[PDB]
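When reading the values below, keep in mind they use all heavy atoms of this one structure, side chains included, and skip hydrogens, waters and symmetry mates. By convention in this document, chain letters (A, B, ...) are assigned in the order of the sequence lines, proteins followed by strands, and residues within each chain are numbered from 1.
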Amino acid sequence: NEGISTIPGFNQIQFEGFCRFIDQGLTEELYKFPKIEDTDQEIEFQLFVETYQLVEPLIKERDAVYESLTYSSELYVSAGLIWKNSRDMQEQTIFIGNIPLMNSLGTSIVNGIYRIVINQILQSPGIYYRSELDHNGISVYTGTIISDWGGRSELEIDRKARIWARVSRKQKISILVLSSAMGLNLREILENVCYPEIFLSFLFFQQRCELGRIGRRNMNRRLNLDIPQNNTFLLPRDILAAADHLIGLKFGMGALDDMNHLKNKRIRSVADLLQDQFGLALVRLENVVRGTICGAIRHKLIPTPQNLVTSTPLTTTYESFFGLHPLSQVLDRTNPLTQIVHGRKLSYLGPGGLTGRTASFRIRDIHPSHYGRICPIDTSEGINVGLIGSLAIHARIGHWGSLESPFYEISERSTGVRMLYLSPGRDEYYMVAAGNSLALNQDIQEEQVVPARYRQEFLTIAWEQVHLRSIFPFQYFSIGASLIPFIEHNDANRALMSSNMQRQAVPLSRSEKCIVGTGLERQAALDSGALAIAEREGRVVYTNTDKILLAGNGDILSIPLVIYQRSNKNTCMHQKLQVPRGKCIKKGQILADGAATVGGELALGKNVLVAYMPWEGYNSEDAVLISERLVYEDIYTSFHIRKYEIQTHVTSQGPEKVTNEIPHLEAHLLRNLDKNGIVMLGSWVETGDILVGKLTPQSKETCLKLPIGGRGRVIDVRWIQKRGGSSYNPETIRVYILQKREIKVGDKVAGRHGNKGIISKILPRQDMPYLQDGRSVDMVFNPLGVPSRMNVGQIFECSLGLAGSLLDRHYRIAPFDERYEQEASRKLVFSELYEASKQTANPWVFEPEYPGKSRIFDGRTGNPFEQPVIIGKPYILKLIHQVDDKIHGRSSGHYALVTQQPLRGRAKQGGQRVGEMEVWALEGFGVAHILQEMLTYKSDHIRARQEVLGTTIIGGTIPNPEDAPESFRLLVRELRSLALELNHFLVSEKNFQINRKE
Amino acid sequence: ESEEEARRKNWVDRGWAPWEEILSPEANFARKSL
Amino acid sequence: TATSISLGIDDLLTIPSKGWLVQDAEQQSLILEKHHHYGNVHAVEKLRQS
Amino acid sequence: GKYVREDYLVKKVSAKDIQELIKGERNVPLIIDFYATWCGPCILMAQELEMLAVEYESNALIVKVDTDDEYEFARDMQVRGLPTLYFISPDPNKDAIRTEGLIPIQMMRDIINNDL
Amino acid sequence: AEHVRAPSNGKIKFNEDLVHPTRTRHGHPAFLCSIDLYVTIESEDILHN
DNA sequence: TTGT
DNA sequence: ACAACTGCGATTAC
RNA sequence: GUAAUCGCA
Ligand SMILES: [Zn+2]
C-alpha cells in the first residue's frame, strides 16, 4: 500500500519489524510457556496469556539519555496461583519485567546508549541437492536437508543406486532402514515412489525434524508436495520424495540448487532477535518460579503470585543482549547520513553465520539475484569484504523472510499497471527489461528489441515478450551510492570509496547546500532524525532558541530544540529555527534545521572554487593547496566536543571525597576549580590542568587531568548520582570541552566522486591563481588523478557548479540521465555554461574552442599559463580524520606491568611498535646497534633505560647493554614454570670457561 | 529397447509421424553441414 | 606549473570510426538473432559469434 | 485520533451531504472542491486547499467531492473541468462564486474574506 | 587469431576454385584457405593485395 | 572454510 | 593435530 | 588489563 508510488522510509524496516514483534511475537512466546507444577500436591501457577498488556514508559527518552537509564515498557500479565491447601486460584497481575522500546528512527535506548540492531542473512531451511564430481568415475550427487536448528540430514548416491544417508559418521546408512523405522511397510514405499525398480534393486530426532514454516514451504516447492503449511514436520513422504529426486538426478531429470540465490536465504530482523531473547527470558523466569516455589515449600508459606515472579530475568536478558550481542552495535552519529545508513546494513557474519575466515569466495560476490534487492557497490573493506552489505532503497522484507523489490507490470490487463514486490525466486521467471521505448523503425513499436533479464541471464528480445519493467531510478542502489552525482561517468571501484568517505564528513559550524545534487538529500535529511518535524497542524505563536510553541486546534505544543549537544563520535549537534513566527505548518513539515542540514537538505560540505592544475609540487600524489580565505572566513570550521568522566567509587576501606583544596599541586593549576572539586562552566582549560580534584582517601590525588591536545571551553558539567543498582552507587562527574577546529595542513578533504586529499600548503589569496574575473581559486587539485582512478563525473560537477553559482540555480539530477539520449550530461553541462556566459557577460565561462576550460593567470608572476585549465565549484567535504587527533609523541613515560614495554595507544601516551617486517629491514641494512638499542633500552631494559636519562642529561656516552631484556627473562620464567630450563652459558675463547648469565 | 520397437511404441502411443519438413536453403545447409 | 596541463570533458577524444564499427557489429548481431529465431543457427554459435 | 493527529484535514463528502449542507443553515463560509484522482492539476489544488484549511481552522468549512463517485451531481452543478472550486457564502441571499483552473492561494483568501 | 580488414572501400576479386567451402564456427558460410592466395580490393584509384 |  | 597481512586509532563491555 | 565492534591506509 506504501512505497509503490514513492521512495519508502529508510527506517521503515525497523519500524515494521518492531511492530510485528509487539503484535505477535510476545503472544507467541507467552503461549509456549509451560505450567509450573513441581510438587507432590502439584501446586500449579498459570499466566493468563490473553491478559497481555504493555504499559507506557515511566520516563522519557530525554531523561533516559540524561540519567543513563534504559527506555523500556512494563509487561503486566494477570496470573493465577492454585494453592494446594486453599483449593482455589487467586488471580493477580504481576510485573514480569521491562521490554525495551524502539524509537521512530529505529534506535533503542539501553543504559543511556543509542544502539541499532543490524539484520543478518542466514540460509533458509530446505532441501538443497548439490553435486560433487569424484576424482575417478561418475559425479556424486547429494541432497541436504536444512532445519531451523541447523540439522543436516544428507543423502548421497554412488555409482550404483546406493541411496545412503550421511547422518552417521560411518561409511553409510540404509535409506530403506530409515524409511522402515519411519513407518513404511516396504510395500507402500515402492508403490508411492517413482522409478521403484531402482529402489527395490538396491539390497537429535526432534531438531532434524524441526522444520520451520519457511522450511515446510520450501520443501514443498522443490519437491512437489501437497503437505499443508501447518504440518511443519519432516514427514517420511518428504524423505521418500527426496530420494526420488535424488535418483532422478542421476539420469539427468533434475536441476541442482544454487546456494547463493536469495530465494534460498532468509533475513533475520530485530523482531526475530527480540523473540528469541524473550523466549530465553521466559525460560529463566520459569526456572526462577520453580526455585522460589521450592523455597516457599521449605519455608512453609503459600505466597501470592507477586512473591514468586521477579523482574530480574527480562531486564538482565535484554541488557546483556544489547550489551554483548554481535548484532547490537552503538549508533554512528558522526553525521546525519551515518544514522540512516547504519540501520540498513545486512550482515553475513554473526551468531550462526559465516565467520570471516569461513566464508568462501563465492559467498562474497554479487549474484544476479541481488539486483534491486542488495547494493552491489556497498561493502566493508577488509577481511570481511563481501560479507557486510547495505539494503536497496526500494526494498522491503517479505512475509516469508525474503527481500522484495518493486517491479512494474507492462502486461495488458484491466488496470494495465501494477507495482508488485516480487520475491527473489519469482522474478527469475519473468522478462525484466530496464530499457526505454523511444525507437521506431517503420514498424510497430512492440517489434522493437531491448536488452532484458531472464533466468539469471541477459538477452535481447522484442517488446511483445517483456513482462516487467524497472522504472525506479534508485532501485538498484543504496543511500550512500545514490548521493553520488553523475555516477555513470565514474568507475564502480571508486563508488565504494566515495560511499565510505561520505560517511566521514564532519558537521561544520555553518551549512551550505550543494549546487549539484541527486535529489535524495531531502529524504535523507527527513529520515535522518536530526530535523524538527511537526506532529500537528497549527500556527507558531512563540519562537525561541530553546523551545518552539505551536498552537493548533485550541492546544499548544512545545518542541524542545538541541543547543550544542555532543554525539557519540565527538561531533556537535545543533538546531536552528527555519519557520518564522506566525506561519502555518502542516503535520510533517520542517520546523527547525539540525546540524549538517540547511533548507531541509543534507549538507555535509561547502562549495569552493577549484582549479585542476599542478602547482609547484604541492599537489603531488594527492594533496591539495588551499587558500587562506577558507581559514579567515570560517568556511570549514567545525566544533568538536569530548567528554571526560571519573566515578567516585566508594572503596570498602574509605569512600572518595571531592575537595578543591589539594596540596602537592602548583598554584598555576586549580584556578578553574570551584568551592567543590569540579571545574566551572565557561572556563578555558589546556593540557595538564585539573578538571576534578579528589582527596581519594582509602590521602592521594586521583584527579582528572586534560590529555595532550585538549584545549577547549568547558561548556557544561554534570553531577550524576547513580541509583537503581540495589545499593548506593558512585556519583559520576562528566565534563565537556568544546574544541573549535579550523582547516589546517594535514586535514583531509574529499569530494563526492571519490577524490580524497590532504592539505599541504595554505597559500595567501595573492599568490593563488586567479581567473579572468579576478577571483583567486580556493583550492588547486592534481589533474593526473582523473586517468588514474577513472573519475569523470567530477569534471561535470565542477562545471555545472560554476554555472549554477553564476546563474543562482541548484541542480538535482537523477542518475543515468543518458537513458533519454546520448551525451545528455554533456549537453546539459554545456548548455548551462553557455547560458551563464551570456546572462552574466563573462565570456570566459564558455569557451567555444575548449568548452569547460578557461585560461587562468599566475598570482605570483602575473603571466598566463600555456594550456587551459578546468574551472569549477565542486562540493568538498571535510573528513573526520584530522591531524590533531593523529599527532602523537613519546619520550619516556610509562610501562606495562608485566611486559615492561612501553604502553600502547595515543591517549595512553605510548610509543610506536617495531614489528617483524621492520626488524627484517633493519637487519638487511646492517644496522646492528640501532636494532640492539631499540630491542633493549628503548623498550624493555629497565636498568639501561634508567641509566639512559642520566647519561643523556650529563652528556656521557651510553654503554652497550650486556644483560638480557625483561622479555627474555620472562620467557625463562615461563618455560621454567613449564619445567623447561634455559641458560645463556657464554664460553670465553681465551681460557675456555663457561659463564652463566642470569 | 531396440530402435524399431521404440519407434513403433512412439507411433502407437505418442503419435509420432515422419512429417515432411519444408526447410529454407539456409536451414537445409545448416542441417547438412553440421 | 608553467604549462598547467589539465583534462576536460571534450578532451577525451574517441577514434573517428567507433560509430560505424559499433553499428555494423550490432547489425550483424541483430541479423544473427533473427536467423537464430528462424533456426539457421543454434545457441552456441550465437554466443561464440557475439 | 487522540494520540496521533490526522494528516489530512479535508473530508470527502457525498452529494447528499452537500445538498444537506446547502439546504441547512451555516455560520461559516463553505468551500466545495471537485477533484478526480486522475487529473494532474488537482494534485496541486489539493495542497493549496490543505494550506487554506490549516490557515482557517474553524472559521470556514472545506470539503471535497470526487467527480468519479458523483458525476451527475457535478454535471448538474455546471462544472466544466476539474480544477473547479465552489465558494458558498454563509448568508443565503448572496450568490455563490465558482472558480475554474489553478488560482493562487491569495486569491482564495481574498475571495473568502471579501466576496463571501 | 588476427583479423584481416579491408584497407579501403571496393570490390573483392579472387579465384573461388582454389578455396574450399566450409562452415564457420559462428554459423556463417565461408571459404577455407589452405594455399597462398591473392585477393584484390578494387577501389577508385588503387588495388590492394 | 581450506588445505595440510 | 596445525596455519591462514601488517600495524594504527576509536568506542562499549567486563 | 582483556574481549567485542567499526574504521584507517
Ligand atoms: Zn551522465
Side-chain angles (χ1 to χ4, degrees), chain A residues 68 109-118 120 123 259-260 316 319-335 338 341-343 345 347-348 350-351 353 356-361 363-364 378-388 390 480 496-497 499-506 566-571 621-622 640 642-645 707 709 746 748 750 756-758 879-890 894-921:
Chain A
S68 182
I109 301 177
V110 175
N111 297 16
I113 305 299
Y114 287 91
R115 291 181 170 273
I116 194 64
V117 181
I118 298 181
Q120 185 179 16
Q123 195 83 199
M259 299 193 61
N260 297 119
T316 192
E319 244 73 3
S320 179
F321 169 74
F322 278 93
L324 297 175
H325 196 72
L327 298 181
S328 178
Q329 306 177 8
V330 293
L331 180 67
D332 299 359
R333 303 207 300 177
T334 305
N335 49 85
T338 56
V341 303
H342 201 164
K345 299 175 181 177
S347 61
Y348 280 92
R357 283 252 184 90
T358 304
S360 186
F361 313 115
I363 317 296
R364 50 239 303 178
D378 290 359
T379 31
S380 60
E381 301 178 357
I383 190 59
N384 289 11
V385 56
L387 301 181
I388 314 299
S390 300
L496 177 57
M497 305 298 179
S499 302
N500 297 330
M501 292 188 308
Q502 282 173 178
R503 300 180 305 179
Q504 302 152 7
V506 185
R566 175 192 174 274
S567 66
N568 302 122
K569 298 299 181 302
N570 302 13
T571 59
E621 266 64 44
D622 296 340
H640 297 270
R642 319 186 76 262
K643 71 169 188 181
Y644 309 93
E645 61 184 321
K748 294 179 54 178
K756 174 183 44 178
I758 286 211
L879 309 183
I880 191 69
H881 312 289
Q882 268 159 131
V883 67
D884 295 3
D885 296 334
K886 304 185 170 313
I887 264 297
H888 190 34
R890 181 207 248 263
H894 277 294
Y895 303 101
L897 193 52
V898 39
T899 71
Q900 290 288 328
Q901 308 197 350
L903 300 180
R904 179 166 304 176
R906 192 184 81 92
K908 299 183 180 181
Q909 294 83 25
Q912 306 301 321
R913 176 178 179 85
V914 183
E916 289 73 16
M917 296 192 305
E918 297 191 339
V919 178
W920 299 343

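Checking the phosphate oxygens (OP1, OP2) of G:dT11, no side-chain nitrogen or oxygen of A:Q329 falls inside 4.0 Å. Note on A:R503: a side-chain N or O is less than 4.0 Å away from OP1 or OP2 of H:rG7. Contact annotation: A:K886 does not reach the phosphate of H:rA9 (side-chain N/O to OP1 or OP2, under 4.0 Å). In this model, the phosphate group of G:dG7 is not approached by any side-chain N or O of A:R906 to a distance below 4.0 Å at OP1 or OP2. Phosphate proximity of H:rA9 to A:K748: present, with a side-chain N or O under 4.0 Å from OP1 or OP2.
Across A:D885 and A:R906, no two heavy atoms sit closer than the pair O-NE, 2.6 Å.
Side-chain proximity of A:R913 to G:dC8, H:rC8, H:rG1: nearest is G:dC8. When each of G:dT12, G:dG7, H:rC8 is scored by its nearest atom to the side-chain atoms of A:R115, the top-ranked nucleotide is G:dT12. Distances from the side chain of A:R904 to the nucleotides G:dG7, G:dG9, G:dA13 place G:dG9 closest. Considering only the side chain of A:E916, G:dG7 comes nearest among G:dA13, H:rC8, G:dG7. Set against H:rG7, G:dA13, G:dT12, the side chain of A:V330 has G:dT12 as its closest nucleotide. In the set G:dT6, H:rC8, G:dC8, G:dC8 carries the atom at the smallest distance from any side-chain atom of A:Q912.
Under the 6.0 Å distance and 45° angle rule, A:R890 counts as a cation-pi partner of A:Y895.
Comparing the P positions of H:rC6 and G:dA3 gives a spacing of 25 Å, expressed to the nearest Å.
Taken from NE2 in A:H325 to CZ in A:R115, the straight-line distance is 11.5 Å, to the nearest 0.5 Å.
Among the atoms of the strands shown, only primed sugar atoms or phosphate atoms (P, OP1, OP2) are found under 4.0 Å from some heavy atom of A:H881. A:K756 comes within contact range of the sugar-phosphate backbone alone, with a heavy-atom separation under 4.0 Å but no base atom that close. As judged by a 4.0 angstrom heavy-atom cut-off over every strand, A:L897 is placed among residues touching the sugar-phosphate backbone only. Note on A:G382: nothing from the nucleic acid sits closer than 4.0 angstrom, heavy atoms only. Nucleic acid contact class of A:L903 (heavy atoms, under 4.0 Å, all strands): sugar-phosphate only.
The side-chain heavy atoms of A:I880 and A:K569, taken from C-beta on, include no pair separated by under 4.5 Å.
Of the possible donor and acceptor atoms, one in the side chain of A:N335 sits under 3.5 Å from a partner among the backbone N and O of A:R503.
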